[PDB]
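**Student:**
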Amino acid sequence: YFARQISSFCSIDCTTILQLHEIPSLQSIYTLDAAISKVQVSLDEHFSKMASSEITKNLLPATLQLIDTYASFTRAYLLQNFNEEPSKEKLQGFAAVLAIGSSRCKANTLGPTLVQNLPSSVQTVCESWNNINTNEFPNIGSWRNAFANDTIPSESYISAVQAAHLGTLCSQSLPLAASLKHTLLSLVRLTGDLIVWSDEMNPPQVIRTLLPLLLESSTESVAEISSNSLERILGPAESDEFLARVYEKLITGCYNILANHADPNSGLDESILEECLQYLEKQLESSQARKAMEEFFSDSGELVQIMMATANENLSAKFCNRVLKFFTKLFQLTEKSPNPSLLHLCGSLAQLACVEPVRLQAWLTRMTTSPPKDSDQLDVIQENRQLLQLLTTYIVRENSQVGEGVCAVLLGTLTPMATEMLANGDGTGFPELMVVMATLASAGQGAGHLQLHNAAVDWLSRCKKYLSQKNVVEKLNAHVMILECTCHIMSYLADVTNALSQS
C-alpha cells in the first residue's frame, strides 16, 4: 500500500508548493493511517516475541518518502488556506518563513521571530492550525491493553482512528488535514521504530528528513518526534551533529529568505530580513555556526549574493545599512580574533570580483546616490556610504583574503559613477566616492594605484572642464558643488604627487 501511495505521488512535488487540489482526500490519508497502525502493532508484537531483515529494508525507504510527501500536504493545506485578504510569490515567501519557523529544540528564535512578523491574517491562520491537534485519535500503544478489545485489538484501534477522521470531517476549519497531522505523527513514530533496529537505515538521509520536519511550522505535530529521531541518529539535542544540522539548515533558510524572498512579491515584510541579518551576525559570533557558514560560502559566493540582493532598490536603505554592518563585523571579528572560517569568507568575496557589472554598479549606485525624495533619512544614507568605505579599506588591507581583483573591480565600477557625479554635477557623494576610489589605489600600494592615478588625472580634467564654465565662474565670483569637487580632485592629485616624490 505504501508503494502505491508513493507512486501516486509522482505528480506531487517534494521541494515545491503542492496545489490544494493535489492533497489526498481524507479517505487515502486514513486508509494510510490504518495500514500504518497495523504494521506498527504487528511489528511491535513480533519484536517483543523475539526478545524481518528485508522487511525493514523495504518499509524504511517506503515510509521515509511518505513522511516528506505528507509533510508537503500539511504545508499545502496550511499555505493555500492563507486568506487572500494570496499570490503564489507571496505564498512561496510565507513558505520559507514558516519553514524556517521552528517551534522546538535549540533551533533559533529566528524562526519564531520571522513566524511572528507575518501579518495578523497569516498569524491567526498558523495559530488556528497549531490549535487543532491529533487528540481524539487513540494515541500510542493503546493496544498495550489490547485497546480495550478482546483478543485481536488492532482492528478496534483502526476503527477508532477512522471515527476520529470522520469527526475531523465534521470540522469546518482545516478538517481534512486535522487528520493529515495524525497520519504524519504515526508515520514519524513508525520511522523511529524502524531506525531503532539498524536494518539498512541511511543515517544522513534520515537525519535530513527529521531536520526539515523539525525546523518548520507546518509539521509541528511531529516536531518532537523528529527531534527524537535526531537524538537517535545525530545524538543528544546538544550534540554537535544535531546542532550542526539544525543551524546549517537555519542558515540555509535565512539565506533563502535573504536572496530568494527579498522581492516584496514574496509578501514578506522587511522586518524578517533585518531580524535574520541580526541572527547571522549572532551565528558569526558562535564559532560552530560561523565555521559551517564558512565552508558553505568559501564554496559558493553566497555572501556576495547578500550584497547582490541588497542591490534590490525595493529594500530600504536600512537593509543596506544592516548588510554593511554584517560584513563590517565579519571583517572586524576576523581582525580581533583571526581564524580559518573568517579567512574562507574573504576567499568567498574573491568571487564578488566575478559579478554582473551592471548589477554591481546598480548596487554601488543605491549605496552612494542619496535621494531625499524616497530616503528621508539621508543620515542613514551617509552611514551606508561610511560602511562601504570601511569594507573597501578592509578588502584593500594586505592580510585581506578578498584578493586584489575584487578591489579593482569595485574601483573600475566606481569610475563611471564618479564621472556621472561630475557629468550631472552630483557634488554630494562625489568626495566620498573619491575617498573609496583612493582606497583602491591604496590596494595599489605595492601593486596598483596606477588605475587610480589615471582616473584622477581624468577627473581633474573633467572638473577643470566644468569650472571653465564662465557663467558658473561669475556665479562663484558672486556650480559651488562642482567647484568643491574640483578642489578635492586637486587635493587628491597633490597627495598622489607627494606619494610619487616619497617613492
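Under the deposited numbering, the letters of the sequence shown match residues 1093 to 1143, 1151 to 1184, 1190 to 1582, 1589 to 1613, in that order. Don't be surprised by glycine CBs; every beta carbon is placed ideally from N, CA and C.
#1: Give the list of continuous beta strand (DSSP E) stretches no shorter than 3 residues that lie fully inside the region 1307 to 1374.
#2: Please classify residue 1115 as buried or exposed, where buried requires at least 16 neighbouring CB atoms within 10 angstroms.
#3: In whole angstroms, what separates the C-alpha of residue 1547 from that of residue 1413?
#4: Write down the C-beta distance between residue 1109 and residue 1199 rounded to the nearest angstrom, noting that I regard them as a contact closer than 8 Å.
#5: Short check: CB of residue 1596 to CB of residue 1494, under 8 Å?
#6: Answer yes or no: do residue 1351 and residue 1387 have a C-beta to C-beta separation smaller than 8 Å?
#7: Is the beta carbon of residue 1377 less than 8 Å from the beta carbon of residue 1214?
#8: For my contact list, residue 1278 and residue 1232 are in at a C-beta cut-off of 8 Å; report their separation, rounded to the angstrom.
#9: Taking 7 Å as the limit between beta carbons, can you name the residues of its chain near residue 1600, skipping five residues before and five after?
#10: Note down, in chain order, each residue of its chain lying with its Cβ closer than 7 Å to the Cβ of residue 1287, except the 5 sequence neighbours on either side.
#11: Pull up the distance between the alpha-carbon of residue 1476 and that of residue 1489, whole angstroms please.
#12: Mapping DSSP to helix, strand and coil, what is residue 1477?
#13: Beta-carbon within less than 8 Å of residue 1520's beta-carbon, same chain only, minus the 5 sequence neighbours each way: which residues are those?
#14: Between which two residues does the alpha helix (DSSP H) carrying residue 1525 extend?
#15: Using the Cα positions of residue 1094 and residue 1291, report the straight-line distance between them to the nearest angstrom.
#16: Apart from the five residues just before and just after residue 1498, which ones in its own chain have a Cβ nearer than 7 Å to its Cβ?
#17: Do you know offhand how far residue 1150's Cα is from residue 1492's?
#18: Counting C-beta neighbours from all protein chains within 10 Å, is the total for residue 1396 16 or more, i.e. buried, or is it exposed?
#19: With H, G and I counted as helix, E and B as strand and the rest as coil, what does DSSP make of residue 1182?
#20: Using a Cβ-Cβ cutoff of less than 6 Å, which residues in the same chain neighbour residue 1536 once the five nearest sequence positions on both sides are dropped?
#21: Does the structure place the region 1334 to 1344 close enough to the region 1300 to 1319 that three or more beta carbon pairs sit under 8 Å?
#22: Note down the Cα distance separating residue 1186 from residue 1472, rounded to an integer number of angstroms.
#23: What whole-angstrom Cβ distance do residue 1379 and residue 1218 have, given they're in contact under 8 Å?
#24: Quick one: Cα of residue 1602 to Cα of residue 1591, how far?
#25: CB residue 1517 to CB residue 1566, shorter than 8 Å?
#26: How do the region 1265 to 1275 and the region 1221 to 1231 stand: do at least 3 beta-carbon pairs fall below 8 Å, yes or no?
#27: Cα-Cα, which of 1256, 1203, 1249 is closest to residue 1130?
#28: Cβ atoms of residue 1408 and residue 1450: under 8 Å apart, would you say?
#29: Among the residues of its own chain, which have a CB less than 7 Å from the CB of residue 1211, if the five just before and after it don't count?
#30: Under 8 Å Cβ to Cβ from residue 1374, same chain only, skipping five residues before and after it: list those, please.
#31: Unbroken alpha helix (DSSP H) runs of length 4 or more, entirely within the region 1391 to 1421: which are they?
#32: Just to confirm the assignment, what range does the alpha helix (DSSP H) spanning residue 1234 have?
#33: State buried or exposed for residue 1561, treating a residue as buried only when at least 16 other CB atoms are found within 10 Å of its CB.
#34: Can you tell me whether DSSP reads residue 1110 as helix, strand or coil?
#35: May I ask you to report which of helix, strand or coil DSSP gives residue 1143?
#36: Sorted by chain position, which residues of the same chain lie with C-beta nearer than 7 Å to residue 1606's C-beta, five sequence neighbours on each side aside?
**Tutor:** With the given structure in hand:
#1: none
#2: Taking the first residue of the sequence shown as 1, we reach residue 1115 at position 23. That one is buried.
#3: Within the sequence shown, the letter at position 443 stands for residue 1547. Within the sequence shown, the letter at position 309 stands for residue 1413. A straight-line Cα-Cα distance of about 26 Å links residue 1547 and residue 1413.
#4: Here the question's residue 1109 lines up with position 17 in the sequence shown. Here the question's residue 1199 lines up with position 95 in the sequence shown. 6 Å between Cβ atoms; contact.
#5: Residue 1596 sits at position 486 when you count from the first residue of the sequence shown. Residue 1494 sits at position 390 when you count from the first residue of the sequence shown. Cβ distance not < 8 Å, so residue 1596 and residue 1494 don't count as in contact.
#6: Residue mapping note: residue 1351 aligns to position 247 of the sequence shown, counting from 1. Residue mapping note: residue 1387 aligns to position 283 of the sequence shown, counting from 1. Yes; because the gap between Cβ atoms is below 8 Å, this pair is in contact.
#7: In the sequence shown, the residue the question calls residue 1377 occupies position 273. In the sequence shown, the residue the question calls residue 1214 occupies position 110. Contact flag unset, no.
#8: Numbered from its first residue, the sequence shown carries residue 1278 at position 174. Numbered from its first residue, the sequence shown carries residue 1232 at position 128. With a beta-carbon spacing of about 7 Å, residue 1278 and residue 1232 fall inside the 8 Å limit used to define contacts.
#9: Here residue 1600 refers to the residue found at position 490 of the sequence shown. Answer for residue 1600: 1564, listed in chain order.
#10: To locate residue 1287, count along the sequence shown from 1; it is residue 183. Excluding sequence neighbours, residue 1287 sits near 1121, 1124, 1125, 1169.
#11: Stepping through the sequence shown from its first residue, residue 1476 is reached at position 372. Stepping through the sequence shown from its first residue, residue 1489 is reached at position 385. Cα to Cα, the separation comes out at about 15 Å.
#12: For the purposes of this step, residue 1477 is taken as residue 373 along the sequence shown, with counting starting at 1. Of the three classes helix, strand and coil, the one that applies to residue 1477 here is coil, per DSSP.
#13: Position 416 of the sequence shown holds residue 1520. Contacts found: 1465.
#14: Working through the sequence shown from its first residue, we reach residue 1525 at position 421. From DSSP, the alpha helix (DSSP H) with residue 1525 extends over 1507 to 1527.
#15: Within the sequence shown, the letter at position 2 stands for residue 1094. Within the sequence shown, the letter at position 187 stands for residue 1291. Near 11 Å, if we compare the C-alpha coordinates of residue 1291 and residue 1094.
#16: Mapped onto the sequence shown, residue 1498 falls at position 394. Around residue 1498: 1435, 1504.
#17: Shown without residue 1150, the model has the chain running from 1143 straight on to 1151.
#18: Taking the sequence shown and counting its residues from 1, one reaches residue 1396 at position 292. Burial call: buried.
#19: For the purposes of this step, residue 1182 is taken as residue 83 along the sequence shown, with counting starting at 1. Here residue 1182 sits in coil by DSSP.
#20: Counted from its first residue, the sequence shown places residue 1536 at position 432. Closer than 6 Å at Cβ, skipping near neighbours: 1489.
#21: yes
#22: Because the chain is numbered 1184 and then 1190 with no intervening positions, residue 1186 cannot be located in this model.
#23: Against the sequence shown, residue 1379 aligns to sequence position 275. Against the sequence shown, residue 1218 aligns to sequence position 114. Rounded, the Cβ-Cβ distance is 6 Å, consistent with contact.
#24: Position 492 of the sequence shown, counting from 1, holds the residue named residue 1602. Position 481 of the sequence shown, counting from 1, holds the residue named residue 1591. Approximately 17 Å between the Cα atoms of the pair.
#25: Taking the first residue of the sequence shown as position 1, residue 1517 is located at position 413. Taking the first residue of the sequence shown as position 1, residue 1566 is located at position 462. For residue 1517 and residue 1566, no; Cβs fall outside 8 Å.
#26: no
#27: Counted from its first residue, the sequence shown places residue 1130 at position 38. Nearest to residue 1130 by alpha-carbon distance, out of 1256, 1203, 1249, is 1256.
#28: Indexing the sequence shown from 1 puts residue 1450 at position 346. Indexing the sequence shown from 1 puts residue 1408 at position 304. Going by C-beta atoms, residue 1450 is not nearer than 8 Å to residue 1408.
#29: Indexing the sequence shown from 1 puts residue 1211 at position 107. 1319, 1350, 1354.
#30: For the purposes of this step, residue 1374 is identified with residue 270 of the sequence shown, where counting begins at 1. These residues qualify, in order along the chain: 1419, 1420, 1422, 1423.
#31: 1391 to 1404, 1406 to 1414
#32: Counting from 1 along the sequence shown, the entry for residue 1234 is found at position 130. Note, residue 1234: alpha helix (DSSP H), 1224 to 1235.
#33: As a working mapping, residue 1561 is identified with position 457 in the sequence shown. Burial call: exposed.
#34: Here the question's residue 1110 lines up with position 18 in the sequence shown. Of the three classes helix, strand and coil, the one that applies to residue 1110 here is coil, per DSSP.
#35: For the purposes of this step, residue 1143 is taken as the residue at position 51 of the sequence shown. In the structure shown, residue 1143 sits in coil (DSSP, three-state: anything other than H, G, I, E or B).
#36: Sequence index remark: in the sequence shown, residue 1606 carries index 496 (1-based). For residue 1606, where only same-chain residues beyond five positions count, the Cβ hits under 7 Å are 1557, 1560.
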